[PDB]
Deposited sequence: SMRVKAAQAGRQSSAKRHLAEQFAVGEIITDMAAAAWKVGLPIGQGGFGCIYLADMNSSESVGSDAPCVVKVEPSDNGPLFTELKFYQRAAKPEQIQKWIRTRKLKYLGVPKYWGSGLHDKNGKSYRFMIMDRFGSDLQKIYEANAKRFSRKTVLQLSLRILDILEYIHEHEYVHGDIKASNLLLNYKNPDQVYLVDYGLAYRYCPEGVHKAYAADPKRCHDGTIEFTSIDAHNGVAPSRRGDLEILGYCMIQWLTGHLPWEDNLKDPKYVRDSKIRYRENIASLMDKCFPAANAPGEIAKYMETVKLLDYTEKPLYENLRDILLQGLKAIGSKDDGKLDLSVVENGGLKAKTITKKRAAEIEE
């Protein structure tokens, strides 16, 4: 089915005008006499208005992904960029007697998962450290704006369409506001939430059926880094049994040396990274700069620096 006639002009609720293009979710750009081409800088996502995930994602984008909000962060922290997609607007659209919600956001190039597979499911240490530094900036940002992602993975990491050295974290349909009005949620389940993440990468907290928090996000990144380096995780043979996966993660958490021995001479920064995350209490605020310093040591150990080169 078609929610839009291609080339039609839609107006968001702030009265900003956009033109809809072909599907890639549709390509989109500012309203003009020209057509929306394949180098369009925006997408328009459209779901039924009763779609829960789009609503949750829309609220995240409205609260934490305002263009000027992001740009202000970039300047004050003195970053080259920030891998949070920008929100450009949203509204309601009727068609065929049904109500649809739409949202305008940044368009991106390839996901990391496609590139990962193209490189025979291996990223270099350089790549993994550079990716991870930027994700730590993203996580720091969203955490400080009261949200956790809870599902970091290569297929949710998209490259800037016009810059392959900039990676962005997408999909906040099942993101969680862990800290509304500065009050941290308690160690317990959220009954209006049933997202456990992705089984292979999800946190022990999520495994235990409690709502995700900051430590959970960093833990997910830990598992990704190992996946990316080695092409494997210890529990990847039994992803159909969450009990097994949780058990394995709990045991490897208790003994990180044996995780390194299993997964790999292992990189010291990864082990140190995992060790720091382990110390975090559920409600505890991470020292993100310390975590970055730890990854920086990894770069210095291979004769490199934080040059912002993903080397993909």
_Deposited positions lacking CA coordinates_ = 1-19, 44-50, 291-293, 342-364
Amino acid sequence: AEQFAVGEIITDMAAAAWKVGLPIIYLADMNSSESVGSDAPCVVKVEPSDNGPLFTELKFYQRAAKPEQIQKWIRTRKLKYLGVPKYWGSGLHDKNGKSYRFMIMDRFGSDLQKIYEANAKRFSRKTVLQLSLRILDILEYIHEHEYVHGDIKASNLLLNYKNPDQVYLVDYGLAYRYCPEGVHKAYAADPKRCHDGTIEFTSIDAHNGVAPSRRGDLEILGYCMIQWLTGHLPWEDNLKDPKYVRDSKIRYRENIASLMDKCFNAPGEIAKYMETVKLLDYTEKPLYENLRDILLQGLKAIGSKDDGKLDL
From here on, numbers count along this sequence of modelled residues.
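Take the two forms, find the largest set of C-alpha atoms that superpose within 1.5 Å, and that set is the rigid core.
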*Please indicate which stretch deviates more in 6 other deposited structures of this protein: 241-249 or 32-40, judged by C-alpha RMS distance after a core superposition?*
32-40
_Mean temperature factor over C-alpha atoms, higher-scoring stretch between 216-224 and 191-199_ = 191-199
*Going by the B-factors listed in the PDB entry, is the mean over the C-alpha atoms higher for 66-74 or for 32-40?*
32-40
*Deposited CA B-factor, highest of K121, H145, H207, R134*: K121
*Candidate set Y87, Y161, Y178, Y168 [ranked by C-alpha B-factor, highest]*: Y161
*Once the chain's modelled residues are ordered by C-alpha B factor and cut into thirds, is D241 in the lowest, middle or highest one?*
middle
_Could you place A14 in the lowest, middle or highest third of its chain by Cα temperature factor, using the values in the record?_
lowest
*Sort the modelled residues of this chain by their C-alpha B factor and say whether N96 lands in the lowest, middle or highest third.*
highest
*Compare the C-alpha B factor of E254 with those of the other modelled residues in its chain, then answer lowest, middle or highest third.*
middle
_For the chain shown, is the CA B-factor of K153 in the lowest, middle or highest third of its modelled residues?_
lowest
